[PDB]
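Peer 1: Have a look at the structure that comes next, please.
The numbers here are math on the coordinates, done by the rules we state, and not lab data. Here Cβ is always computed from backbone atoms with ideal geometry, including for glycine, and neighbour counts include all displayed protein chains.
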RNA sequence: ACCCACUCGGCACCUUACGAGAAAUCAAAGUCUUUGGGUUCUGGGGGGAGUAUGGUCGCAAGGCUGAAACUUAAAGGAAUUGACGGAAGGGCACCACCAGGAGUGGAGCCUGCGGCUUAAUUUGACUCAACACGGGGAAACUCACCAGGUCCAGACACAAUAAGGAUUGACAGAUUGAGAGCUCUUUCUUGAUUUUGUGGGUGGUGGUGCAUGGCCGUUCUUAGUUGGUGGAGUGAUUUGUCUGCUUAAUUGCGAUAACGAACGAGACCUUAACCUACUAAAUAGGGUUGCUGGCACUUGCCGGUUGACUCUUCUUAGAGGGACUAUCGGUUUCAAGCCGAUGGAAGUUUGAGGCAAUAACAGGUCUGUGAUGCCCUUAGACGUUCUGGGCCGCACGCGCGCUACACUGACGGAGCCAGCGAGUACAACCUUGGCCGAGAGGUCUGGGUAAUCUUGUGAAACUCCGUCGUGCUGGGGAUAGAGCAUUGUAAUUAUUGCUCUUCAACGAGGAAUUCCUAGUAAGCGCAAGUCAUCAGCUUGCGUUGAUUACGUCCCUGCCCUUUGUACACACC
Ligand SMILES: [Mg+2]
Ligand SMILES: [Mg+2]
Ligand SMILES: [Mg+2]
Ligand SMILES: [Mg+2]
Ligand SMILES: [Mg+2]
Ligand SMILES: [Mg+2]
Ligand SMILES: [Mg+2]
Ligand SMILES: [Mg+2]
Ligand SMILES: [Mg+2]
Ligand SMILES: [Mg+2]
Ligand SMILES: [Mg+2]
Ligand SMILES: [Mg+2]
Ligand SMILES: [Mg+2]
Ligand SMILES: [Mg+2]
Ligand SMILES: [Mg+2]
Ligand SMILES: [Mg+2]
Ligand SMILES: [Mg+2]
Ligand SMILES: [Mg+2]
Ligand SMILES: [Mg+2]
Ligand SMILES: [Mg+2]
Ligand SMILES: [Zn+2]
C-alpha cells in the first residue's frame, strides 16, 4: 500500500469547558430567589435563553430562538 | 472407520467418507475412507445416494467432511425398487405333461 | 555320392529343471549351512589411483610392479511400476486432417488484456485450461484506488473525574467544498449512557489459493479403474485388463491361467419427435345455430357478437402405447457387427443434453460468504461513512466481437409469419386503447399477481411492384456541429433516444488460424440475464436454410503396445 503523507491538522471536539453551573441566578436578602437571563418562551422556567450580542438561542430547543430583545 | 462401521450396521449398501484439509503437516491432503457398493453416475444417484458436507473448524485451519450413503434399492418405500440396469428373471415350474388325453367332467 | 541305424571327438543349438542363482539367466553358473576330487591365479565399500614413489624392462611411446595421506554413505548389480525418447508399431478425435463451407487476421468502431501515462487510472487470471472472464454492460452507490473531510458500529474488564457535573446537543455569520457545531466565536443545554488510560477485542473487496474448506476448471467426457478367489514371481509386482475383428465406448465377439464381479461406458433421467386410442376444457380451439354486417342475389361466400347446443382434429397435459436396427437382401471365424432396401412418427447411441470413475494439479478462487488459519492493521485506522474524481486516460502491441466493402444489392412502398420468455399493492412491474408530437416522447384512461391483459409479442431476414443502375456512386457508415426528448439528486469526461447536417477508413483482407457434418454450418431477428438508465456481450428461442466427407492417420493433440534409460522433485 501507498506511503502515508498526511497534510497536517490533528483536530479535536468541544470538551465542554465546565464553567460555574449555577451562575444564571441570584439570591439576596434571605428567602428571595431572583432570576438571571430570559426564560425560554418555548418551554417555561428552568430553561433560560442564552444572551449574547442580539443572539438568543436555547439548549433543549438546542438553537431554535433568534429574535431581537 | 467407526462411522463406516455404523453405516454398515445401519444396513446400507455403501459408505464413502472424504476428509479434506490439513491432517498433520501444513501441506494438506484429502483422505478417503470407503466401504461397499456406491454408484456415481446417472439419475439413480439422486434416488439412492444421500450426501452430506460439513466443514469443521479447528485452531490451525478448516477441515471438510463429505459423507455419502448408498441406500438399499429394495428398502425404498417411495420410488423405484431397484437399479434400472438390474434384470432378474423368475424361475419356471416343473412339468410332466403328456400321458395321453383324458377329460375331467362335472 | 546319398539313405537309415549306431558309435567315439568337436562347434553349437532347442525344451524342460526335479537342481543353481540377487535376478538376468545356467546342462553348468548343477552334484555347496546335507558345506572337503586335485590344483594355479585374483577380490575384500566408494573415491584418491593404476596416481606418487622405488625397482625393473623398453631407442622412445610405454609396460610390469604399485602405495599412503586425505576424503566419503554410499558407488554398484539384477529386476519394477512410472516418466521421458530428434526409438518402432497400433488406435482415436472437425477443440486433428482431408472434401468443402463460414470465416477472423486487413478496415472503421465496440470491448477484453498489455504497455505507457497517471494524485488514482483498484485489482484477480497469462499455451490449450488468462484475454465480452470474475455473471466485471463502473455516471455515485458499486468500490477494493486517489485528493480530502465525518463517525464510532473502542464489546466487555479494571480504574481517574462521580453531579460545585462524567458527558451528549448546539442555529447566526467569519469556519467550510458545505442550512459537516468539522469546528475555533459563544454560553445555553445534557444528565453517569459515558469519556482518559491499561487488559482486551471486533470490523477489514488487507495479505498469503504455496496453510486450508467448499465450489469449479483441467487431465477427460477420453475409456479408463479396481478388488475377490486361481495361476507366475523370493520380491516390488503381474495375469485377469489380450493376437485379431468389432463399437461412440475395457462395446461386444472372440482367443485364453484365469474365473466370476464392481465402479466408469451403457442403463438412467430431462427434453425433442408420433398418438382421428383414452381422460378434459366459455383461462385452448372448433362445429352447427340465434341475432347480425357485407355480398352475389336461389340454396351459396366472407364476416361480427362467449346469444344457445354439442364436439376435442388442431391445444394444453395426465395415464398409457410406440422402435427392438423390425422385415427382408447381401457381407463377415456365417460371429459381434457393418451395408443396402422395405415398412414406419421415429432406423446417425432416434435428436439434444443432465449426471459422470480411479488417481491427481502447489490450476483458480482467502474481491460469494457471520467458510477460514496465521500475519498485519485496529481512532491523524487497511473499520467505516460523505464529497469529487478514477476505473473509460493514449506514441503503441495483441484478444473475443459489431458494422461493412453492394447489384444474391440499396432505398421506398406494400405484403406480412415465430418460438422461448418476463411482468406490480406497498408499491410503482408489464402496459394495450383514446388525444397531443416528424421524432423521441407526452399525456389521460385502462387490462393484467397472468393459457385470461401486454401479445396473434402481426420480430427481423424475407416476398411483391417501383426509383439508382456496377462511379469510394443513391455502397458504406466513422468522426463532427447544432437542437429537441428521456432516466435519475447529478449526463461535460457526447448515459441514452430522436431530428437535420457532416460524410472518414474500407472494391472481400498478407504471415497466420478458429468453428463446423443436418433442421446442423451460415443468415436473421426475438428473449430473458445484469437494468433507475444503457447491448455491439450472454444464456435460450424460433425464422430462413446450404455446400462437402460418411473417411484417414499426413499434420495436431491424446491413448495404448514393444523397446531404451545412469531419469522416479520424472527431460524445465
Ligand atoms: Mg494518509
Ligand atoms: Mg454406471
Ligand atoms: Mg450415462
Ligand atoms: Mg577399496
Ligand atoms: Mg541397472
Ligand atoms: Mg483439450
Ligand atoms: Mg474494467
Ligand atoms: Mg452486457
Ligand atoms: Mg467481507
Ligand atoms: Mg491450489
Ligand atoms: Mg494372488
Ligand atoms: Mg494390469
Ligand atoms: Mg440379415
Ligand atoms: Mg445420449
Ligand atoms: Mg498457484
Ligand atoms: Mg481476510
Ligand atoms: Mg469468450
Ligand atoms: Mg401471447
Ligand atoms: Mg456521401
Ligand atoms: Mg454503462
Ligand atoms: Zn429550550
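Peer 1: Determine if the range A:38-47 includes at least one residue that is in contact with a strand residue (DSSP E or B) (Cβ under 7 Å, 6 or more places away or on another chain), away from every other protein chain (no Cβ under 14 Å), in a loop (DSSP other than H, G, I, E, B) and more than 8 Å from RNA strand C (Cβ to nearest atom).
Peer 2: Checking the range A:38-47: at least one residue is in contact with a strand residue (DSSP E or B) (Cβ under 7 Å, 6 or more places away or on another chain), away from every other protein chain (no Cβ under 14 Å), in a loop (DSSP other than H, G, I, E, B) and more than 8 Å from RNA strand C (Cβ to nearest atom).
Peer 1: Looking only at the range B:73-85, which residues are exposed (fewer than 12 other Cβ atoms within 10 Å of the Cβ) and either touching a residue at least 12 places away in the same chain (Cβ under 8 Å) or within 14 Å of another protein chain (Cβ to nearest Cβ) (or both)?
Peer 2: Within the range B:73-85, B:75, B:79, B:84 qualify.
Let's see how each residue does on (1) under 27 Å from the mean Cα position of the chain (by Cα); (2) part of a loop (DSSP other than H, G, I, E, B):
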position: B:66; (1), (2): yes, no
position: B:69; (1), (2): yes, no
position: B:76; (1), (2): yes, yes
position: B:86; (1), (2): yes, yes
position: B:92; (1), (2): no, yes
position: B:98; (1), (2): no, yes
position: B:101; (1), (2): no, yes
position: B:105; (1), (2): no, yes
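Peer 1: Also, I was wondering about something else. Among the candidates A:8, A:32, single out the residue that is within 7 Å of RNA strand C (Cβ to nearest atom) and loosely packed, with under 11 Cβ neighbours inside 10 Å.
Peer 2: Working: A:32 fails: within 7 Å of RNA strand C (Cβ to nearest atom).
Only one candidate passes the filter, namely A:8.
Peer 1: Let me ask something else about it. Name the residues in the range A:48-62 that are more than 9 Å from ligand 21 (Cβ to nearest atom) and either loosely packed, with under 13 Cβ neighbours inside 10 Å or within 14 Å of another protein chain (Cβ to nearest Cβ) (or both), would you?
Peer 2: The answer is A:52, A:53, A:54, A:55.
Peer 1: Could you go through the range B:29-46 and let me know if any residue there is in a strand (DSSP E or B) and without any contact (Cβ under 8 Å) to a residue 24 or more places away in the chain.
Peer 2: Let us first name the residues in the range B:29-46 that are in a strand (DSSP E or B), namely B:31-36.
Subsequent filtering for residues that are without any contact (Cβ under 8 Å) to a residue 24 or more places away in the chain retains B:31-32.
Yes, there is a match, as at least one residue in the range B:29-46 is in a strand (DSSP E or B) and without any contact (Cβ under 8 Å) to a residue 24 or more places away in the chain.
Peer 1: Being surrounded by 10 or more Cβ atoms within 10 Å (Cβ to Cβ) and over 15 Å from the mean Cα position of the chain (by Cα) is the requirement here; does residue A:26 meet it? First the steps, then the outcome.
Peer 2: On the way: surrounded by 10 or more Cβ atoms within 10 Å (Cβ to Cβ): yes; over 15 Å from the mean Cα position of the chain (by Cα): yes.
When the stated conditions are applied, residue A:26 passes them.
Peer 1: Over 25 Å from residue B:8 (Cβ atoms) and within 11 Å of RNA strand C (Cβ to nearest atom) - does that describe any residue in the range B:36-44?
Peer 2: yes
Peer 1: So, residue B:9, is that one outside any loop (DSSP other than H, G, I, E, B), away from chain A (no Cβ under 14 Å), out of contact with any strand residue (DSSP E or B) (no Cβ under 9 Å at 6 or more places or on another chain) and surrounded by fewer than 13 Cβ atoms within 10 Å (Cβ to Cβ) or not?
Peer 2: Values: outside any loop (DSSP other than H, G, I, E, B): yes; away from chain A (no Cβ under 14 Å): yes; out of contact with any strand residue (DSSP E or B) (no Cβ under 9 Å at 6 or more places or on another chain): yes; surrounded by fewer than 13 Cβ atoms within 10 Å (Cβ to Cβ): yes.
Judged against the criteria, residue B:9 is a match.
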